[PDB]
Structures are given as C-alpha cells and as structure tokens.
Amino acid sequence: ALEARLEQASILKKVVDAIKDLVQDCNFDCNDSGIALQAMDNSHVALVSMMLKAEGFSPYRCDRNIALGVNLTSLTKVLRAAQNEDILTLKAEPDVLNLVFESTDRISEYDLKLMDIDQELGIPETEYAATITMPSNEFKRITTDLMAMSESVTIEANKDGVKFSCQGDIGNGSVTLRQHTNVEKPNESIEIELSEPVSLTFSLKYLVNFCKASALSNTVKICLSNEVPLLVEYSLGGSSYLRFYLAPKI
C-alpha cells in the first residue's frame, strides 16, 4: 500500500516530538496527497492537524488509502534511533509500520506494532478577524515567560500591533509587538492582516505545548476570530503544515 521516502528523517522526528505531549494515540492517514494527522487532546480543547504533502517525499507511492494507528511514545522511541540526516522510508501493506533509516552503508530497520484507533472532523475555511505572522522563537519566549506568572494569556490585535497580557498572584504582565517589516531578516518581521480588532483569552499550558513545534518553522501564524478557535500554524516547505487549534476561555 505505502512506500514513502524522506531525504531527511529530521522532519518526522520534529513533528512527533512537537505533538506527542498533546496526543498519545492517533492515526496517520495516507492517501495520494500524502500523510495527514487529525487528533484532539483528551479534553477536546486542542486539535492537531498535520499534512506532509506527497511533494515533500522522493518518492511518495500510495496504492491504497490506509490509517496507521500509532502510540506516539512508541513511535518516538523508534524515531530517536534515526539521525536527523538519515534517509527515512515508511512501508506498509496493516498490523505493522516498517521504518528503514539509511545513514555510511548503515541500515536501521524497525517494525512498529500498530493499533486499531477509531478516527473522529471538518474545519471550515475561515476568514479570521486578525492574523499575526511572527518569529516562532518570539512566540515561544512570550508564552513560556507569561506562563511563569499566569495560567491564561489575552491576545489583542489591531492595525498597529499585537499585545499578549496576563494577570496573576504577583501582578500584571504584557508583551506588545508593533507591525514591522525586516528587509534583511524576513522571518524576524511582525506582519498583521486584520479586518477588525479582536481580543481572546487562552490557556498558556496549551500555547507553550504548541511552541514545542518552534524548531519546525522560523515563523508562526496566529489567527484570531471571536466566532472560531485560535489557529496556530507552523507552515513548512511547499504547502505542508503543522496546525494547532485551541478553544478559548470565555
């Protein structure tokens, strides 16, 4: 059914490392478009949506649509045995996912026991009120810093910039980022597209968890609307992506 070669194992190791604390068990969905993951956390507060498009492999061959039911702790233990710069091949007929890691002439071969996992969801194409593009590490720094003093962050957007603010036992904290274009270092830009001002409140525990994906993408897209959940998007090469959706506090 499946024969999928990645030039570098790195990508699959980072994706699983980024998602495994939110989601234990889940299905990798394989079709001619490539490999997708859609899984809710236990609380139904957070949704992980990943797509590794066929273009990202060399080559990608799907002869039959399959779900790979995987425990992400098990998968992590196997992916640790891959060097970042190893050539990774996924093969499946399935009760087992075959993983081959090629260096030297060194070959690592794993047969991972799969589990039957019942797949849950349609996300509407949404015209958000505000999107903020910013460096991934800036978002990690802010969520980690504010989490020291609060369980919750408010995200306020307007034409001028975005403010992250919180309050706790020790007092109030805010971080304000002005819209700015960095000509030399485009990933360091703060870009704001907004049809209207928007303010929502989120669990910092979840946002900090999403920020474990910071190593996948130099920039992160934060999308806000009064009507719909927060989209935190880590855009990858081509049209591949890791997306986190988070229900707000109300």
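Sequential numbering from 1, following the sequence displayed.
A.B. asks: Determine, among the other compared PDB entries that model residues flanking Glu138, whether at least a third leave it unmodelled.
C.D. replies: In all of the other entries, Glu138 has coordinates.
A.B. asks: Taking the other PDB entries of this protein that cover both neighbours, check whether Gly122 lacks coordinates in at least a third of them.
C.D. replies: That residue is missing from at least a third of the other compared entries.
A.B. asks: How many missing residues of the deposited sequence lie between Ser103 and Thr104 in the entry, grouped as none, 1 to 3, 4 to 9, or 10 or more?
C.D. replies: 1 to 3 residues lack coordinates between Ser103 and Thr104.
A.B. asks: Please figure out whether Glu85 and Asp86 are truly consecutive in the deposited sequence or have unmodelled residues between them, and give none, 1 to 3, 4 to 9, or 10 or more.
C.D. replies: Gap between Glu85 and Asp86: none.
A.B. asks: Which is higher on average in the deposited entry, the C-alpha temperature factors of 55-63 or of 201-209?
C.D. replies: The deposited B-factors put 55-63 ahead on the C-alpha mean.
A.B. asks: When the Cα temperature factors in the entry are averaged, is it 227-235 or 5-13 that ends up higher?
C.D. replies: It is 5-13 that shows the higher mean C-alpha B-factor.
A.B. asks: Going by the deposited entry, which of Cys26, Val220, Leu216, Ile35 has the highest CA temperature factor?
C.D. replies: If I rank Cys26, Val220, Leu216, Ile35 by C-alpha B-factor, first place goes to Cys26.
A.B. asks: Which one, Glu138, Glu156, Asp118, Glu151, has the peak C-alpha temperature factor per the PDB entry?
C.D. replies: Within the set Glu138, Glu156, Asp118, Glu151, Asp118 shows the top C-alpha B-factor.
A.B. asks: For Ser43, return the chain-relative third of its C-alpha B-factor as stated in the PDB record: lowest, middle or highest.
C.D. replies: Highest third, going by the recorded CA B-factors of the chain.
A.B. asks: Name the third of the chain's ranked CA B-factors that contains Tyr110, choosing lowest, middle or highest.
C.D. replies: Top third by C-alpha B-factor.
A.B. asks: Test of reading the entry: by CA B factor among the chain's modelled residues, which third contains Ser165?
C.D. replies: For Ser165, the deposited C-alpha B-factor lands in the lowest third.
A.B. asks: Tell me, lowest, middle or highest third: where does the Cα B factor of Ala129 rank within its chain?
C.D. replies: Middle third - that is where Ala129 ends up once the chain's C-alpha B-factors are sorted.
A.B. asks: C-alpha B factor of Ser195, ranked within the chain: lowest, middle or highest third?
C.D. replies: Ranked within chain, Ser195 CA B lands in the highest tercile.
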